[PDB]
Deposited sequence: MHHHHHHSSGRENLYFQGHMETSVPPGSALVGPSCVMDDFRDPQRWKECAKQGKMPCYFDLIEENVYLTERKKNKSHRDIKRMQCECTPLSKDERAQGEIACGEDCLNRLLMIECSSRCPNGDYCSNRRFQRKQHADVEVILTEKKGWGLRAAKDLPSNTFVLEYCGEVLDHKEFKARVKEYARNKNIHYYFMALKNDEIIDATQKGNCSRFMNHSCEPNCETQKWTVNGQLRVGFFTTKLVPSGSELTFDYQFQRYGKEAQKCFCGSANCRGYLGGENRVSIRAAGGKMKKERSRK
């Protein structure tokens, strides 16, 4: 079974597709990070001719791109700025698929060039108090999958209840994606980017570098020759540590 991202826009149909096991369980689809408690480049503007020639606005040499900052609407290249991927939701062509043992996952629907933006990891941003509260709730409920992503010291992203299809990217000890933290509007966001050419049909993975606070570690089924056997690796850390101190 597989589904495209558009399938998640229709809740009623998503829900009944889920009853027949045709789509993953329902969660709240959001366009950007939601906080539980709240807290310009020097590119030379492309001519119309360069635009027509296929020149890239704010490409490799953009001072903002280089520091992993997105441009605003006030960018010198304006509409044509190619450095506003997070804000324009310019995700890769990706599908959500049911895997053998890891639950649902992500898969390339087209070839994906190296260093291609895939999706933003959206969710509810928690502080330490909120994180601890949800650690308990998720344990009480006996959740299997976990969706905590460290953003900064007092900010963890939690896509358990709210997020987008990025919450489906499985771990691999030998992955074809990575996280990159991007500054968007003075706020930090995390997004997945490919680390290499990913052929169409290939599953999309990143290395969790998982900080396990659980008593028992989950077994990893990535199937790599360098697989570490478990998510979190050898060590178990405290709750506060996983949570960023």
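Missing C-alpha stretches, by deposited numbering? Missing CA coords at 1-32, 72-83, 290-297.
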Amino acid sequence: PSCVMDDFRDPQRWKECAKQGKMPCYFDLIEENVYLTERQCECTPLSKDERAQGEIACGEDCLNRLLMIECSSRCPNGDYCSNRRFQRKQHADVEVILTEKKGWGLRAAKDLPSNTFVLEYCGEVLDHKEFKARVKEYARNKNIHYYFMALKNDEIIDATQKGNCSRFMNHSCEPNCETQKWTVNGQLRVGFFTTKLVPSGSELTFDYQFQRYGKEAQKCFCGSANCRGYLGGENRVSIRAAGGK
From here on, numbers count along this sequence of modelled residues.
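For clarity, a rigid core is taken as the largest C-alpha set superposing within 1.5 Å between two forms.
Between 163-171 and 147-155, larger RMS Cα displacement in 8 other deposited structures of this protein after core fit
With the rigid core superposed, the C-alphas that lie farther in 8 other deposited structures of this protein are those of 147-155.
Practice item. With the rigid core held as the alignment frame, decide whether 175-183 or 207-215 lies farther from the shown form in 8 other deposited structures of this protein, in terms of RMS C-alpha distance. Key: The answer is 207-215, which departs more from the shown form in 8 other deposited structures of this protein.
Q. Taking only the CA atoms, which stretch has the higher mean B-factor in the record, 49-57 or 187-195?
A. Averaged over C-alpha atoms, the B-factors run higher in 49-57.
* Asked: Which has the higher mean CA temperature factor in the PDB entry, 40-48 or 198-206?
  -> The entry gives the higher C-alpha B-factor average to 40-48.
Exercise for the section: Go through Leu29, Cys177, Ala217, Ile69 one by one and give the residue whose Cα B-factor in the PDB entry is largest. Expected result: Comparing C-alpha B-factors across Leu29, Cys177, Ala217, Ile69, the top value belongs to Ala217.
ask   = Highest CA temperature factor in the entry: which of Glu124, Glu120, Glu137, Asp111?
value = Highest CA B-factor of the listed options: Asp111.
Within-chain third of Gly223 by Cα B-factor, per the entry:
Middle third - that is where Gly223 ends up once the chain's C-alpha B-factors are sorted.
Considering every modelled residue of the chain and its Cα B-factor in the PDB entry, is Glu130 in the lowest, middle or highest third?
For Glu130, whose C-alpha B-factor we compare with every modelled residue in the chain, the answer is the middle third.
Rank-wise, by C-alpha B-factor, drop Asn153 into the lowest, middle or highest third of its chain.
Its C-alpha B-factor belongs to the highest third of this chain's values.
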